[PDB]
$ cat protein_39.txt   # compact mmCIF, N, CA, C and O atoms
# COMPACT_ATOMS: atom_id res chain seq x y z
N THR A 247 64.83 19.14 -13.11
CA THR A 247 65.98 18.46 -12.53
C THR A 247 67.28 18.98 -13.14
O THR A 247 68.26 19.19 -12.42
N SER A 248 67.30 19.19 -14.45
CA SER A 248 68.49 19.74 -15.09
C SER A 248 68.79 21.15 -14.60
O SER A 248 69.95 21.50 -14.35
N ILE A 249 67.75 21.97 -14.44
CA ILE A 249 67.95 23.34 -13.97
C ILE A 249 68.42 23.34 -12.52
O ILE A 249 69.26 24.17 -12.13
N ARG A 250 67.91 22.42 -11.70
CA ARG A 250 68.35 22.34 -10.31
C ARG A 250 69.80 21.88 -10.23
O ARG A 250 70.58 22.40 -9.42
N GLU A 251 70.19 20.91 -11.07
CA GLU A 251 71.59 20.49 -11.10
C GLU A 251 72.50 21.62 -11.56
O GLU A 251 73.59 21.82 -11.01
N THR A 252 72.07 22.38 -12.57
CA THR A 252 72.86 23.51 -13.05
C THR A 252 72.98 24.58 -11.97
O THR A 252 74.06 25.17 -11.79
N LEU A 253 71.90 24.85 -11.24
CA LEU A 253 71.95 25.84 -10.18
C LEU A 253 72.84 25.39 -9.03
O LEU A 253 73.58 26.20 -8.45
N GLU A 254 72.81 24.10 -8.70
CA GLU A 254 73.69 23.58 -7.65
C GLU A 254 75.15 23.66 -8.08
O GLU A 254 76.02 24.03 -7.28
N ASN A 255 75.44 23.32 -9.34
CA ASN A 255 76.80 23.43 -9.84
C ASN A 255 77.27 24.89 -9.85
O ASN A 255 78.42 25.18 -9.50
N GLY A 256 76.38 25.81 -10.22
CA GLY A 256 76.74 27.22 -10.20
C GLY A 256 76.98 27.74 -8.80
O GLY A 256 77.89 28.53 -8.57
N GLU A 257 76.17 27.29 -7.84
CA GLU A 257 76.37 27.70 -6.45
C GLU A 257 77.68 27.14 -5.90
O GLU A 257 78.40 27.84 -5.18
N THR A 258 78.00 25.89 -6.24
CA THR A 258 79.27 25.31 -5.81
C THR A 258 80.45 26.05 -6.43
O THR A 258 81.45 26.32 -5.76
N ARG A 259 80.34 26.39 -7.72
CA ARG A 259 81.41 27.15 -8.37
C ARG A 259 81.55 28.54 -7.77
O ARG A 259 82.67 29.04 -7.62
N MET A 260 80.43 29.17 -7.41
CA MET A 260 80.49 30.49 -6.79
C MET A 260 81.13 30.42 -5.41
O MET A 260 81.91 31.29 -5.03
N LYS A 261 80.81 29.38 -4.64
CA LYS A 261 81.43 29.21 -3.33
C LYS A 261 82.93 28.95 -3.46
O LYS A 261 83.73 29.50 -2.70
N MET A 262 83.32 28.12 -4.43
CA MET A 262 84.74 27.87 -4.66
C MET A 262 85.46 29.14 -5.10
O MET A 262 86.58 29.40 -4.65
N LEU A 263 84.83 29.94 -5.96
CA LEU A 263 85.44 31.19 -6.40
C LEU A 263 85.55 32.18 -5.25
O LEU A 263 86.53 32.92 -5.16
N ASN A 264 84.55 32.21 -4.36
CA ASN A 264 84.63 33.09 -3.20
C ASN A 264 85.74 32.67 -2.25
O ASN A 264 86.47 33.51 -1.72
N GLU A 265 85.89 31.36 -2.04
CA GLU A 265 86.99 30.87 -1.20
C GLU A 265 88.34 31.19 -1.83
O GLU A 265 89.28 31.60 -1.13
N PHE A 266 88.45 31.02 -3.15
CA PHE A 266 89.70 31.35 -3.83
C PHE A 266 89.99 32.84 -3.77
O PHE A 266 91.15 33.25 -3.62
N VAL A 267 88.96 33.68 -3.86
CA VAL A 267 89.16 35.12 -3.78
C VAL A 267 89.57 35.53 -2.37
O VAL A 267 90.41 36.42 -2.19
N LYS A 268 89.00 34.88 -1.35
CA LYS A 268 89.42 35.15 0.02
C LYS A 268 90.88 34.74 0.24
O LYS A 268 91.65 35.48 0.87
N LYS A 269 91.26 33.57 -0.28
CA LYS A 269 92.65 33.14 -0.16
C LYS A 269 93.59 34.08 -0.90
O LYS A 269 94.68 34.40 -0.41
N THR A 270 93.18 34.56 -2.07
CA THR A 270 94.00 35.49 -2.83
C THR A 270 94.13 36.83 -2.12
O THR A 270 95.19 37.45 -2.15
N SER A 271 93.05 37.29 -1.48
CA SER A 271 93.12 38.53 -0.72
C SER A 271 94.03 38.39 0.49
O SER A 271 94.80 39.30 0.81
N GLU A 272 93.96 37.24 1.17
CA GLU A 272 94.87 37.00 2.29
C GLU A 272 96.32 36.96 1.82
O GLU A 272 97.21 37.53 2.46
N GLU A 273 96.58 36.30 0.69
CA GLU A 273 97.93 36.25 0.15
C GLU A 273 98.42 37.63 -0.28
O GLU A 273 99.59 37.96 -0.10
N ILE A 274 97.52 38.46 -0.84
CA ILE A 274 97.91 39.80 -1.25
C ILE A 274 98.21 40.67 -0.03
O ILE A 274 99.15 41.47 -0.04
N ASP A 275 97.43 40.52 1.04
CA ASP A 275 97.71 41.25 2.27
C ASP A 275 99.04 40.82 2.87
O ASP A 275 99.82 41.65 3.35
N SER A 276 99.32 39.51 2.85
CA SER A 276 100.60 39.02 3.35
C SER A 276 101.76 39.54 2.51
O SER A 276 102.81 39.92 3.05
N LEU A 277 101.59 39.57 1.18
CA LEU A 277 102.64 40.09 0.31
C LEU A 277 102.86 41.58 0.54
O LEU A 277 103.99 42.06 0.50
N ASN A 278 101.78 42.33 0.78
CA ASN A 278 101.91 43.76 1.06
C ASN A 278 102.63 43.98 2.39
O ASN A 278 103.48 44.88 2.50
N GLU A 279 102.30 43.18 3.40
CA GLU A 279 103.01 43.29 4.68
C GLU A 279 104.48 42.95 4.52
O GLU A 279 105.35 43.62 5.10
N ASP A 280 104.80 41.92 3.74
CA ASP A 280 106.19 41.55 3.51
C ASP A 280 106.93 42.65 2.75
O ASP A 280 108.10 42.94 3.05
N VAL A 281 106.27 43.27 1.77
CA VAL A 281 106.90 44.35 1.02
C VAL A 281 107.14 45.56 1.91
O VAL A 281 108.18 46.22 1.82
N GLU A 282 106.19 45.86 2.80
CA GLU A 282 106.38 46.96 3.74
C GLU A 282 107.52 46.68 4.70
O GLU A 282 108.32 47.57 5.01
N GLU A 283 107.62 45.44 5.18
CA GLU A 283 108.73 45.07 6.06
C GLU A 283 110.07 45.17 5.34
O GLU A 283 111.06 45.64 5.90
N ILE A 284 110.11 44.73 4.08
CA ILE A 284 111.35 44.80 3.30
C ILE A 284 111.74 46.26 3.05
O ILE A 284 112.92 46.61 3.10
N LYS A 285 110.75 47.12 2.78
CA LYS A 285 111.04 48.53 2.58
C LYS A 285 111.55 49.18 3.87
O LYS A 285 112.50 49.97 3.84
N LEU A 286 110.94 48.84 5.00
CA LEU A 286 111.41 49.37 6.28
C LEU A 286 112.83 48.90 6.58
O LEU A 286 113.65 49.66 7.08
N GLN A 287 113.13 47.64 6.26
CA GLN A 287 114.48 47.12 6.47
C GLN A 287 115.49 47.83 5.57
O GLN A 287 116.58 48.20 6.02
N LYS A 288 115.14 48.03 4.30
CA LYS A 288 116.04 48.71 3.38
C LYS A 288 116.21 50.18 3.76
O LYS A 288 117.25 50.78 3.44
N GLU A 289 115.22 50.77 4.42
CA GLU A 289 115.34 52.16 4.84
C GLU A 289 116.18 52.29 6.11
O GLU A 289 116.98 53.22 6.25
N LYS A 290 116.02 51.35 7.05
CA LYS A 290 116.70 51.47 8.34
C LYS A 290 118.12 50.92 8.29
O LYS A 290 119.06 51.61 8.68
N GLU A 291 118.29 49.68 7.81
CA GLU A 291 119.60 49.04 7.85
C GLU A 291 120.61 49.66 6.89
O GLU A 291 121.81 49.46 7.08
N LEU A 292 120.15 50.39 5.88
CA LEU A 292 121.05 51.03 4.93
C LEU A 292 121.49 52.42 5.37
O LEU A 292 122.24 53.08 4.64
N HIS A 293 121.05 52.89 6.54
CA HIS A 293 121.46 54.20 7.01
C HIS A 293 122.92 54.21 7.45
O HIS A 293 123.61 55.22 7.27
N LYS A 294 123.39 53.10 8.02
CA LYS A 294 124.77 52.97 8.49
C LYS A 294 125.16 54.08 9.46
O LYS A 294 126.00 54.92 9.17
N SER B 637 156.38 23.28 43.35
CA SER B 637 155.00 23.41 43.82
C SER B 637 154.29 24.53 43.08
O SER B 637 153.12 24.39 42.70
N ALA B 638 155.00 25.63 42.82
CA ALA B 638 154.43 26.72 42.04
C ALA B 638 153.79 26.20 40.76
O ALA B 638 152.57 26.29 40.59
N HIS B 639 154.59 25.59 39.88
CA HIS B 639 154.01 25.10 38.64
C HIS B 639 152.96 24.03 38.91
O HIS B 639 151.96 23.97 38.19
N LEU B 640 153.15 23.23 39.97
CA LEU B 640 152.09 22.32 40.39
C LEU B 640 150.79 23.08 40.58
O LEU B 640 149.79 22.80 39.89
N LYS B 641 150.79 24.08 41.46
CA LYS B 641 149.62 24.93 41.62
C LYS B 641 149.13 25.42 40.27
O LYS B 641 147.93 25.34 39.96
N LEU B 642 150.06 25.87 39.42
CA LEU B 642 149.70 26.30 38.07
C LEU B 642 148.84 25.25 37.39
O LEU B 642 147.67 25.51 37.08
N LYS B 643 149.38 24.04 37.21
CA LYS B 643 148.59 23.02 36.53
C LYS B 643 147.25 22.83 37.22
O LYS B 643 146.21 22.80 36.55
N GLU B 644 147.25 22.81 38.56
CA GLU B 644 146.00 22.69 39.30
C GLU B 644 144.99 23.72 38.79
O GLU B 644 143.95 23.35 38.23
N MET B 645 145.33 25.01 38.90
CA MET B 645 144.36 26.02 38.50
C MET B 645 144.06 25.92 37.02
O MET B 645 142.90 26.10 36.62
N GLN B 646 145.05 25.57 36.19
CA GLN B 646 144.75 25.50 34.77
C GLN B 646 143.78 24.36 34.50
O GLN B 646 142.89 24.50 33.65
N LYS B 647 143.89 23.26 35.25
CA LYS B 647 142.89 22.20 35.16
C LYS B 647 141.50 22.77 35.41
O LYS B 647 140.58 22.53 34.62
N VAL B 648 141.36 23.57 36.47
CA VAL B 648 140.08 24.22 36.75
C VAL B 648 139.61 24.98 35.52
O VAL B 648 138.46 24.83 35.08
N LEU B 649 140.51 25.76 34.90
CA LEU B 649 140.15 26.48 33.69
C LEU B 649 139.54 25.54 32.67
O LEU B 649 138.42 25.78 32.19
N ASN B 650 140.22 24.43 32.37
CA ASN B 650 139.69 23.45 31.43
C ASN B 650 138.26 23.09 31.78
O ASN B 650 137.36 23.21 30.94
N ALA B 651 138.02 22.71 33.05
CA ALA B 651 136.66 22.44 33.49
C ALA B 651 135.74 23.59 33.13
O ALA B 651 134.80 23.43 32.33
N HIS B 652 136.03 24.79 33.66
CA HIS B 652 135.25 25.96 33.29
C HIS B 652 135.07 26.03 31.78
O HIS B 652 133.93 26.06 31.29
N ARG B 653 136.17 25.94 31.04
CA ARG B 653 136.10 25.97 29.58
C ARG B 653 134.99 25.06 29.07
O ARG B 653 133.99 25.54 28.52
N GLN B 654 135.10 23.76 29.35
CA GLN B 654 134.13 22.84 28.77
C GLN B 654 132.73 23.17 29.25
O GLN B 654 131.80 23.25 28.44
N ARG B 655 132.58 23.47 30.55
CA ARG B 655 131.24 23.76 31.04
C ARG B 655 130.68 24.99 30.35
O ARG B 655 129.53 24.99 29.90
N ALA B 656 131.52 26.02 30.15
CA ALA B 656 131.08 27.17 29.38
C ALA B 656 130.61 26.75 28.00
O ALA B 656 129.47 27.06 27.62
N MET B 657 131.44 25.98 27.29
CA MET B 657 131.03 25.45 25.99
C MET B 657 129.66 24.81 26.09
O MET B 657 128.76 25.13 25.30
N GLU B 658 129.46 23.95 27.10
CA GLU B 658 128.17 23.31 27.29
C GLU B 658 127.06 24.36 27.28
O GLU B 658 126.19 24.35 26.39
N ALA B 659 127.13 25.31 28.21
CA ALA B 659 126.14 26.39 28.23
C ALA B 659 126.03 27.03 26.85
O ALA B 659 124.94 27.08 26.27
N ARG B 660 127.17 27.45 26.29
CA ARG B 660 127.16 28.07 24.97
C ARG B 660 126.41 27.19 23.98
O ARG B 660 125.47 27.66 23.33
N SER B 661 126.77 25.91 23.91
CA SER B 661 126.09 25.01 22.99
C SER B 661 124.59 25.07 23.19
O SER B 661 123.84 25.38 22.25
N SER B 662 124.14 24.87 24.43
CA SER B 662 122.71 24.96 24.72
C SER B 662 122.15 26.28 24.20
O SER B 662 121.21 26.29 23.40
N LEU B 663 122.78 27.39 24.60
CA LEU B 663 122.33 28.70 24.13
C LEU B 663 122.18 28.71 22.62
O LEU B 663 121.11 29.04 22.10
N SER B 664 123.23 28.29 21.91
CA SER B 664 123.15 28.24 20.45
C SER B 664 121.92 27.47 20.01
O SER B 664 121.05 28.02 19.32
N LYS B 665 121.79 26.22 20.47
CA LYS B 665 120.60 25.44 20.14
C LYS B 665 119.34 26.24 20.39
O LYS B 665 118.53 26.44 19.48
N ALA B 666 119.21 26.79 21.60
CA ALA B 666 118.05 27.62 21.92
C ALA B 666 117.86 28.69 20.87
O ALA B 666 116.84 28.71 20.16
N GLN B 667 118.87 29.56 20.69
CA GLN B 667 118.70 30.66 19.75
C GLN B 667 118.43 30.12 18.35
O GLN B 667 117.59 30.68 17.62
N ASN B 668 119.05 28.99 18.00
CA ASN B 668 118.75 28.36 16.72
C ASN B 668 117.25 28.15 16.58
O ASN B 668 116.61 28.73 15.70
N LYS B 669 116.66 27.37 17.50
CA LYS B 669 115.23 27.15 17.46
C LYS B 669 114.48 28.47 17.36
O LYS B 669 113.58 28.62 16.53
N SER B 670 114.91 29.47 18.15
CA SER B 670 114.26 30.77 18.12
C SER B 670 114.18 31.30 16.69
O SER B 670 113.08 31.53 16.17
N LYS B 671 115.33 31.43 16.03
CA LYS B 671 115.29 31.96 14.67
C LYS B 671 114.57 31.00 13.73
O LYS B 671 113.86 31.45 12.83
N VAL B 672 114.68 29.69 13.97
CA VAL B 672 113.88 28.74 13.21
C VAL B 672 112.41 29.08 13.34
O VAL B 672 111.68 29.18 12.35
N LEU B 673 111.96 29.31 14.58
CA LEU B 673 110.57 29.69 14.81
C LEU B 673 110.20 30.92 13.99
O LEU B 673 109.10 30.99 13.43
N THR B 674 111.12 31.88 13.88
CA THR B 674 110.84 33.07 13.08
C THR B 674 110.46 32.69 11.66
O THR B 674 109.44 33.16 11.13
N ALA B 675 111.24 31.80 11.04
CA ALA B 675 110.89 31.31 9.72
C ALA B 675 109.50 30.68 9.73
O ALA B 675 108.66 30.98 8.88
N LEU B 676 109.24 29.83 10.73
CA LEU B 676 107.94 29.17 10.82
C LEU B 676 106.82 30.18 10.97
O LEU B 676 105.67 29.92 10.59
N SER B 677 107.13 31.36 11.51
CA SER B 677 106.12 32.40 11.63
C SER B 677 106.08 33.28 10.39
O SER B 677 105.03 33.85 10.05
N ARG B 678 107.21 33.40 9.69
CA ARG B 678 107.28 34.35 8.58
C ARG B 678 107.02 33.68 7.24
O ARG B 678 106.11 34.07 6.51
N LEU B 679 107.81 32.65 6.91
CA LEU B 679 107.73 32.04 5.59
C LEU B 679 106.34 31.46 5.33
O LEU B 679 105.85 31.49 4.19
N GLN B 680 105.70 30.93 6.37
CA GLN B 680 104.35 30.39 6.20
C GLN B 680 103.29 31.49 6.16
O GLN B 680 102.22 31.28 5.58
N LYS B 681 103.57 32.66 6.75
CA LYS B 681 102.58 33.73 6.77
C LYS B 681 102.52 34.47 5.44
O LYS B 681 101.43 34.84 4.99
N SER B 682 103.67 34.69 4.80
CA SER B 682 103.70 35.44 3.55
C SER B 682 102.94 34.74 2.43
O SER B 682 102.49 35.40 1.49
N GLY B 683 102.77 33.42 2.52
CA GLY B 683 102.04 32.67 1.52
C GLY B 683 102.78 32.42 0.22
O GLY B 683 102.23 31.74 -0.66
N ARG B 684 104.00 32.94 0.07
CA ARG B 684 104.75 32.72 -1.16
C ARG B 684 105.21 31.28 -1.31
O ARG B 684 105.45 30.83 -2.43
N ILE B 685 105.33 30.54 -0.21
CA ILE B 685 105.68 29.14 -0.24
C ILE B 685 104.43 28.32 0.06
O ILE B 685 103.48 28.79 0.69

$ encode --input "protein_39.txt" --output "structure tokens"
Amino acid sequence: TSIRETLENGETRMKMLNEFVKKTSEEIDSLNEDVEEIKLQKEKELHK
Amino acid sequence: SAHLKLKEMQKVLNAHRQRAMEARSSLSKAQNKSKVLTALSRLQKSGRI
């Protein structure tokens, strides 16, 4: 019973860590897109 | 009568004026929402907030 509880807690922690890693990857992709947009804006609008 | 006609047509201008403002106001509101929507599409997508 103790080993089953530990395995269930470990599986829940692994699922939470996977969800957090997916959210972090989505946030990193969004930040990269925003940085690319900012670089394109600084390249185009500064040409004058 | 000349200046009478003048005031007449200038009254029309006033009407046009305000009605134009009306349209302009609406347009502004519209475009306002538009750019507001841009924030709703951008600020929430970047995830920084």

$ interface_residues --input "protein_39.txt" --of "chain A" --to "chain B" --cutoff "8 Å" --atoms "all atoms listed in the file" --output "list in words"
residues 269, 272, 273, 274, 275, 276, 277, 278, 279 and 280 of chain A

$ atom_distance --input "protein_39.txt" --atom1 "atom C of residue B:650" --atom2 "atom O of residue B:662"
19.3 Å

$ atom_distance --input "protein_39.txt" --atom1 "atom CA of residue A:268" --atom2 "atom CA of residue B:677"
20.5 Å

$ atom_distance --input "protein_39.txt" --atom1 "atom CA of residue A:292" --atom2 "atom CA of residue B:669"
27.6 Å
